[PDB]
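All remarks here apply to the structure that follows.
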Ligand SMILES: Nc1ncnc2c1ncn2[C@@H]1O[C@H](COP(=O)(O)OP(=O)(O)OP(O)(O)=S)[C@@H](O)[C@H]1O
Ligand SMILES: Nc1ncnc2c1ncn2[C@@H]1O[C@H](COP(=O)(O)OP(=O)(O)OP(O)(O)=S)[C@@H](O)[C@H]1O
Ligand SMILES: Nc1ncnc2c1ncn2[C@@H]1O[C@H](COP(=O)(O)OP(=O)(O)OP(O)(O)=S)[C@@H](O)[C@H]1O
Ligand SMILES: [Mg+2]
Ligand SMILES: [Mg+2]
Ligand SMILES: [Mg+2]
Ligand SMILES: [Zn+2]
Ligand SMILES: [Zn+2]
């Protein structure tokens, strides 16, 4: 139930990106400090549904020595009014406390639809809570925000603008080579016959 | 009020699924533990309304030794804000406490509509409460979530994604065999008379759900009481027991109850149903009979030669010809031969469900046929799709509209490995676009000619199989005189001749002749009239000579 | 015939309170866009019901008149007479009697047109009385002599009058003058009454004196065992404030004392009758907590709905003649939301009272200046009512000595002696409350007070 790099397979090029984007600033923030650039804090995952997007989060997160915090989309939207936006403020204070930190948010579109295409102001607050708290972060915090969705278009694009989410990372459909690897992941726990 | 397996009947294949999905992980979680796979916790029921979907829940639930936790749809939605989402949290903690657990949720769409198509955030919270709490479960909990609906499309699809609900289980309309069993369930509590033939009833009932049949049983009971109302005085506080002992429901009460408002079933959807017509009931055209025996029966019977030969077949068959040539019955008889499932879809059925915009159902036609593979999908009245824009001449709009553009996607969105088959039939084949006639989509084109006099003989043999005809009837002398007359025309003559016979039958009764005389015929033979012009045939014969020029 | 508010008659205080708007006039505020005889959005006169004004002045609820002038327009006013709508509605949580829908009475018949509504126990947005001016500490210091000698609790009855309390806008103050106590069997944590026997008699003294039964007082004085007067801090935030048996029992007496009103549908609204609990503070000194049941809390006792629990903070809802629908209470959670929780089967007792301030005058000048009488119903401590004290109390064998009747306990004892007739005792309670010299000289020349002399010049 605790995911390493070996537990995911096939999307090697995508994992090559995220290790440059997440593993790299955390175990070596000095590199961006030596080169004098800002670490990207706007890692965004997207793709088709059911493509390991939640799986690749912990595949990176458990392979750091960094603190991790987890946010589910509908879990915040399940909460009452005001209290739901409290948990986001409770999220980032813990991450800015434990400064090597990973914040993954699964199903980001549920807490962030388009503000043009929405009805409840409670939805509009929690978007506005999110847009505020993304900008309240610091580069000295060394805290990485991850977010995943299956509908990259339903999001309010103000997140996808600069400073908040810049790293659009798509998880494509794997080739028959990579999905062969995925079968080997699930069947190595299974008990098979030799004809397989 | 407590339901066993015997209390439900007919849908045996569906119950075979659920026992593999629910009974199997609970009484033996070791099997998935020994094989090392995850037990599916995403059992979803769906079907038409009133089809025992609530009934089959307790039919499984009471037949476990597991804990059960009932959860209704409108009961949560009846509750106030916040408190409604509390009960869901109050639900799963008890189930994860009593770890062999069954959670059935009736009418899941009421607590889970589409989040795109909803207004209240309270609805959006309780969906978000549900999506959260489904994922909060564990495999060590060994807790199974059941959910039922009558509208599988109105649900937020995030539930129907992986990890939450994977086991789409449809409860179809039962056959006359299975609905016979359903009648025996309701009538074994009832007190009947000896004339009652449920098998005669179950033959005469074709598109009923069990709720319709239970209402059918309840209706004929009342007419039995209506016959006793003369012997029953309502001012009395208690009627005597002698009329209670004589209170036995007759067969004719069901004959009354078959012609009542009960009959109005729920048949106005995209249905799958095994047919009843066979090859003997369609006279003539044995060439294109064998062509269907070639083209569609060989894949459904033997895919082994294809992988031997490395070639996927043509999955697209188009019927065409003049109108009234029995093209509707052709796909039914071949699905009745190789026992494949059958889906009849007519032209305006696409359109009338798209004035209400049922196009996921159009995808679900292919999905349910994929769910009911082997299945053939029959598209009746393809001219009506052209007649949605009038024709190919039409209102200057051709056959192509939103229907075609949907179908060309869904026809191309079919795996060639699947034995799911698509059968098209029109009578105006020039008036259809070649984009639908494209290879890969519909490349087999089958002309349906008029029969000859031998075919017209074989039809009149086949049409009169259930009619008490006279003995002097020279059908060949009829077949000699009937030349340009279609197979529809021949049945039309018999409808005239039977009407001519009833113009002798109940005429004689008001002035049993169960014979269809030559005098009944030679009147209709003199009154016989051709429905198809030969110059129309010379079009189709030129298409039968060559339509591949398009 | 007429309305009740066309035949009922207000108190003179309610006559005094009607002719005022109670408006708080601002001068030229911040965003004045005007000359000094113009106005802006920020230099209007203020409201008696103004919440920002009540918040800055730390005032909990508005007065019932400030409630009255809030909920009603100024045109809708009983000097119209016939065309008047009473804005106040006395609650009717019993059962729609004489139901006009064909079904029987409530009993044997019910429909929608006869059922009452489910109760939303919000906090009551107003109160009747704001300040409880105890007119003298010697009123209390006499009254607490039973507890210092015994240690068990004490119940009384607030007597006095209602005057303008000008510190809060439209404030009515329960000016407290006097206490009489019925026969009762006293215990420690609760008190059960004996029936009160001279019910018309002591009320006649208040009718003489110009007082009335304005409320109830009792004590929750449990000495904390260190010998100073400190209490177990038991009526505070963490414990509770009102015992729920006290709530029902006071609402029994409060239903026995409503107030007639020309602004309510029955011609009566609310209650002049108030409630006080003598206790101790955190600082260990003898304190007082004054309350009153809400108009729902009176009605749910009148309609027999709520019930005390073992937990004093929890109030039970009675299970099933009657009709018990939902009860709610609006909350404020940790993010300000209003959640009506199901009050069945139990709920906090917070939503039933109103808070009142309490104190003293700057200098004690009550209608009573004398303290010479041993209190009734205390024969268990040997403190009884006998005729022999009047030789020293009114000083009648010392026949020169002036009139010491300025003592309601003694005035009821003089009324227990019942010697002076209805005009001469109202000439006594004239002089017992106003103390006029020529009218004392009239009363010392009246026959019946000289009869009260010459009878008590011959006792022992
Ligand atoms: N590429 C993959 N490699 C390995 N396992 C996979 C892969 N894609 C899906 N899975 C499995 O399927 C599950 C689906 O979870 P996710 O794909 O991460 O959910 P998702 O991708 O965020 O899409 P959702 O949850 O429907 S929005 C994973 O937890 C894995 O168990
Ligand atoms: N296939 C069936 N076999 C036996 N009894 C049935 C069948 N279908 C319906 N009934 C009876 O009719 C009732 C209808 O209830 P259900 O079909 O279980 O409700 P539903 O299918 O969830 O559809 P709803 O309630 O209208 S959304 C059942 O409780 C049975 O009494
Ligand atoms: N060769 C035939 N053999 C048996 N029945 C036939 C034959 N030709 C027509 N019929 C009857 O004609 C009727 C209509 O059949 P269909 O297939 O609907 O005709 P069609 O060729 O599809 O043209 P339309 O517009 O639908 S009537 C049915 O009652 C058939 O039984
Ligand atoms: Mg996911
Ligand atoms: Mg149901
Ligand atoms: Mg047809
Ligand atoms: Zn101004
Ligand atoms: Zn009524």
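Does residue A:58 meet the test of being away from ligand 1 (no atom under 16 Å from the Cβ), surrounded by 18 or more Cβ atoms within 10 Å (Cβ to Cβ), under 15 Å from the mean Cα position of the chain (by Cα) and over 27 Å from residue C:334 (Cα atoms)? The answer is no for residue A:58. Suppose the filter is crowded, with 22+ Cβ neighbours inside 10 Å and away from ligand 5 (no atom under 16 Å from the Cβ); does residue B:339 pass it? For residue B:339, the condition - crowded, with 22+ Cβ neighbours inside 10 Å and away from ligand 5 (no atom under 16 Å from the Cβ) - is not met. Taken as a whole, the condition of being away from ligand 8 (no atom under 16 Å from the Cβ) and within 31 Å of the chain's Cα centre (by Cα) applies to residue B:23.
Among the residues making up the stretch C:326-339, those that are in a loop (DSSP other than H, G, I, E, B) and more than 14 Å from chain A (Cβ to nearest Cβ) are C:326, C:329, C:330. Residue-level analysis places residue C:49 among those that are within 24 Å of the chain's Cα centre (by Cα), surrounded by 15 or more Cβ atoms within 10 Å (Cβ to Cβ) and away from ligand 4 (no atom under 16 Å from the Cβ). Among the residues making up the stretch B:486-503, those that are farther than 18 Å from residue B:465 by Cα and crowded, with 16+ Cβ neighbours inside 10 Å are B:486, B:500.
Of the residues in the stretch B:110-122, at least one is within 26 Å of the chain's Cα centre (by Cα) and under 25 Å from residue B:88 (Cβ atoms).
Figure legend. Inter-residue proximity from the stretch A:47-58: first residues more than 17 Å from residue A:72 (Cβ to Cβ), second residues away from ligand 3 (no atom under 16 Å from the Cβ), beta-carbon distance below 7 Å, spacing 6+ or different chains. Indicated pairs: A:47/A:53; A:47/A:150; A:47/A:170; A:47/A:171; A:47/A:172; A:48/A:150; A:48/A:173; A:51/A:171.
Being closer than 30 Å to residue B:164 by Cα and surrounded by fewer than 16 Cβ atoms within 10 Å (Cβ to Cβ) is not true of residue A:74. Residues in the stretch A:132-141: is at least one more than 16 Å from ligand 4 (Cβ to nearest atom), closer than 17 Å to residue A:56 by Cα and in contact with a helix residue (DSSP H, G or I) (Cβ under 7 Å, 6 or more places away or on another chain)? No, because not a single residue in the stretch A:132-141 is more than 16 Å from ligand 4 (Cβ to nearest atom), closer than 17 Å to residue A:56 by Cα and in contact with a helix residue (DSSP H, G or I) (Cβ under 7 Å, 6 or more places away or on another chain).
Residues are listed down the side, and each one gets a yes or a no for (1) surrounded by 12 or more Cβ atoms within 10 Å (Cβ to Cβ); (2) part of a helix (DSSP H, G or I):
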{"position": "C:364", "(1), (2)": "yes, no"}
{"position": "C:372", "(1), (2)": "yes, no"}
{"position": "C:380", "(1), (2)": "no, yes"}
{"position": "C:451", "(1), (2)": "yes, yes"}
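Within the stretch C:148-161, is even one residue in a strand (DSSP E or B), within 14 Å of another protein chain (Cβ to nearest Cβ), surrounded by 13 or more Cβ atoms within 10 Å (Cβ to Cβ) and more than 16 Å from ligand 2 (Cβ to nearest atom)? Among the residues of the stretch C:148-161, not one is in a strand (DSSP E or B), within 14 Å of another protein chain (Cβ to nearest Cβ), surrounded by 13 or more Cβ atoms within 10 Å (Cβ to Cβ) and more than 16 Å from ligand 2 (Cβ to nearest atom), which makes the answer no.
Listed conditions (1) outside any helix (DSSP H, G or I); (2) in contact with a strand residue (DSSP E or B) (Cβ under 9 Å, 6 or more places away or on another chain) are all met by residue C:323, apart from (2). Residues that are at negative phi and within 14 Å of another protein chain (Cβ to nearest Cβ) number at least 1 in the following helices (runs of 4 or more DSSP H) confined to the stretch B:1-86: B:30-35, B:73-78.
Screening the stretch B:107-206 for helices (runs of 4 or more DSSP H) wholly inside it with 3 or more residues that are within 11 Å of chain A (Cβ to nearest Cβ) returns the ranges B:121-135. Selection within the stretch C:27-51: residues that are part of a loop (DSSP other than H, G, I, E, B) and in contact with a strand residue (DSSP E or B) (Cβ under 7 Å, 6 or more places away or on another chain). The member of this set that is farthest from ligand 3 (Cβ to nearest atom) is C:45. Only residues that are over 23 Å from residue C:339 (Cβ atoms) and either facing chain A (nearest Cβ under 8 Å) or out of contact with any helix residue (DSSP H, G or I) (no Cβ under 7 Å at 6 or more places or on another chain) (or both) were counted across the stretch B:89-104, and they come to 6. Scanning the stretch C:236-259 for residues that are part of a loop (DSSP other than H, G, I, E, B) and more than 20 Å from the chain's Cα centre (by Cα) returns C:237, C:238, C:239.
Scanning the stretch B:531-549 for residues that are in contact with a helix residue (DSSP H, G or I) (Cβ under 7 Å, 6 or more places away or on another chain) and not in a helix (DSSP H, G or I) yields B:531, B:547.
When we count neighbours, we look across all protein chains shown, and the Cβ atoms used for this are built from the backbone with ideal geometry, even at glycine. Every number here is computed from the coordinates shown, using simple stated rules; none is lab data.
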